[PDB]
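In the form deposited in one PDB entry, a lone chain appears below as structure tokens.
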């Protein structure tokens, strides 16, 4: 570690702790920068030489983390918990927590190599059929899951991906879990999952989540039964069991996590205007550039910041056309130099991708708003806040009235049929996700705690997938398969519960900004576009970073200091009642009592 980057001396008391924290943050900025740059270089251009450089940057970050961490523990371990200043308790508390820097050198290198190899496997995995031709997840497999209605073709894509990504990840993921736990246990956590959960500073986190899910589950059950009936009408009594789980490949998405793509099959009133504007975007010839500019302009309408020149010059907004492998999974980047901020997204011209652009731009806007704070306060109030920002705007954007304003929809009527179509569409996107958003880290917490050893990785994954989502694998799986590994966030070792928290929080935010905007109608028809008052209220959250506990930031914004499902329920209320009525009238069974049921294979599986 460079002498400039090493800690000096400070007194062993709170006042010395303050100078320590100030000096730590000054040096951390340069270390953060080299790490992010090295990651960018790799993720936008996956090569062996780029991975090596990224691993060297990771090692440097660990050197830094060890030097300052050991210093924190040397001076403040017996006393920091009694420090009068809570903001200081949080920083010294962080710095004493070394993570992977607790590992000896050989194991650090092992750890960094594992993260690189898992990332490469997920992002370069292919499904091969000409016999030489192979499909990538993004865009090829994504498009198949989205627009193919051929049971056998969907199965080929689903099975191919899960096998390609999952099988070779398993041995690496076991090794990562052991090293991760080894590292965090030295910091005093029972396991890595306990550390991840501690970011929410709620002694009652898991219980709070379970109570939230209990209120939401009836909405999911009804949507599920309605959707399963729509699928049965298309795929027949052979492939769909009206009392069983839905086969996992028929919902529009590789993970059955958003059901927006099957909207045309489920839309209650097909003779109203088509609220999926994808085909209009194609007909009008929208490109990635347009999508990003349209998203930016919503942000500036609120008097939030435009994207800076560095963003437009540095960002990767389409999958490269040259012979280059990249991580296509979308992300938003802060380089920690208060100047460079970028999105990396393999943008496709679709309505859901337009919402995705807003999502990533929400992350950037957060970065732009808190860029002048001490480096340790450059985070969301909690990670769920960071995930909610862009989704909040996308809720206004997808309203039929807003789509009309941006030329994507001829004026729609204020009628009850159109409302049900819209709310059903929004349910496929938002309600359908909830079980998945909840289950992923239940699975991962069980793995980190040891309740789920490698011998039960897949058994427990599918237990959870069936329990919450009411889906089943369309082919037989066993413990050689590692289906959790075929989801980005697992091999990329980044937490998922933030998204469940985001989905509740975004409706709380939406309700608060709509009220602030002076809007008076139904919550699902609110468009905060051009509301500088809504913008000012959002800006206060963004500029706070993590300087204040999230419960207080939420209280100031929303009037409540806790996550609350009521705003989401309020938003969906009309379609919640409608689906319940329809399911009853149709004589549906809610849930999937035939829990053991799996679909048969197509007659000519796997060729076609």
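In this text, rigid core is short for the largest set of C-alphas that superpose within 1.5 Å between two forms. Numbering follows the first chain given and starts at 1.
Not on display, but discussed next: the form deposited in another entry.
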Considering only 202, 418, 117, 87, single out the residue whose C-alpha is displaced by at least 2 Å between the shown form and the other one after superposing the rigid core. 87
Per-residue C-alpha change between the shown form and the other one, residue 78, threshold 2 Å, rigid core fit: yes
Core-aligned, does residue 594 move its Cα 2 Å or more between the shown form and the other one? no
